[PDB]
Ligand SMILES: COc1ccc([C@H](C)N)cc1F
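Shown next as structure tokens: one chain only, the form solved without the ligand.
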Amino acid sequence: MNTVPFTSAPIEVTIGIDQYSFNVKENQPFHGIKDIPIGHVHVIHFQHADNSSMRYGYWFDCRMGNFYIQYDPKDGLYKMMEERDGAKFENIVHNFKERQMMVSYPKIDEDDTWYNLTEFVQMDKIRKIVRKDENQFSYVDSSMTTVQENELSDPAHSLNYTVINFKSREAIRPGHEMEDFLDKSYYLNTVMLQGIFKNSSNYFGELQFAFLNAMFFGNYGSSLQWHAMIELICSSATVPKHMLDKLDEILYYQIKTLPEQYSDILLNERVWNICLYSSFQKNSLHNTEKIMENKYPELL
């Protein structure tokens, strides 16, 4: 079990750790978060009391270093930093725990939610989407745009998701215009899976990471990316049976975890009705359809 200590909490903030969150009051004696399960990526995120604008946060993996949070009063945010001196770090963490100034990552033992939302997410791939290679952790916020969004303006602060575009020469083979547009198996299987992602786990990994950035930050490009990667599968007549079965599991837990009241901005009616009811795979997502219909029948 790992620890992210906080230097202090000088400003009132809502703190998120994966799918959990709690309120810290201005100058409350708060020194961080403990018992963080090793073995998964994690995300620690922030929404200030004063400015509910700009949710922001850090993707990280405790196996890749000792990380702490420290408010910067110049830049005005909770910043993730790495402590290289490891003895200093252990000693700082031990004191805070002895004084019990840390909240405990509150995992129920029956609960595989986080593992199910992050099964294919790998920190090394997050770092290729979010380019800032001097840190081992990755900052995201509400307003970052995607590489594809900049094509339609600062490239250093972009989300480098995989560009998916159904009306592109990459998606459409000359002479198979109708065939490739109405059945995207070539684009999915040859172009994207075999060519760009190499395997279905890397693809699912980006798709999961896009969904999490959309939920936790309201990042609109991330939402577009999630829906696009779903639609590309759902609009392919030929998809390996194992991929459909995992896709169905993946979506199910995303739909289960979404805030009930955010459903109107993170879920695209057109994509979902198409995927569940008109597409090649309309019969293939039994778990996802059943949860969608019982929880968000308005959308359909």
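Residue indices: 1-based, along the sequence shown.
This protein has a second form, the form solved in complex with the ligand, left out of what is shown; the following refers to that one.
Peer 1: Please tell me whether any heavy atom belonging to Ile33 falls inside 4.5 Å of a heavy atom of the ligand, as the geometry stands in the deposited bound form.
Peer 2: Taking the distances in the deposited bound form, the answer for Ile33 is yes, it comes within 4.5 Å of the ligand.
Peer 1: Even though the partner isn't displayed, in the deposited bound form is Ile92 close enough to the ligand, meaning a heavy atom within 4.5 Å?
Peer 2: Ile92 belongs to the contact set for the ligand.
Peer 1: Evaluate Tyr105 for contact with the ligand in the deposited bound form, applying a 4.5 angstroms cut-off between non-hydrogen atoms, and reply yes or no.
Peer 2: Flag for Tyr105 set to yes.
Peer 1: Using a 4.5 angstroms cut-off on non-hydrogen atoms, would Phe96 count as touching the ligand in the deposited bound form?
Peer 2: Yes, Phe96 sits close enough to the ligand in the deposited bound form that at least one of its heavy atoms falls within 4.5 Å.
Peer 1: Pick out the residues of 256-284 whose heavy atoms come within 4.5 Å of the ligand in the deposited bound form.
Peer 2: Going through 256-284 in order - heavy atoms within 4.5 Å of the ligand in the deposited bound form - there are no hits.
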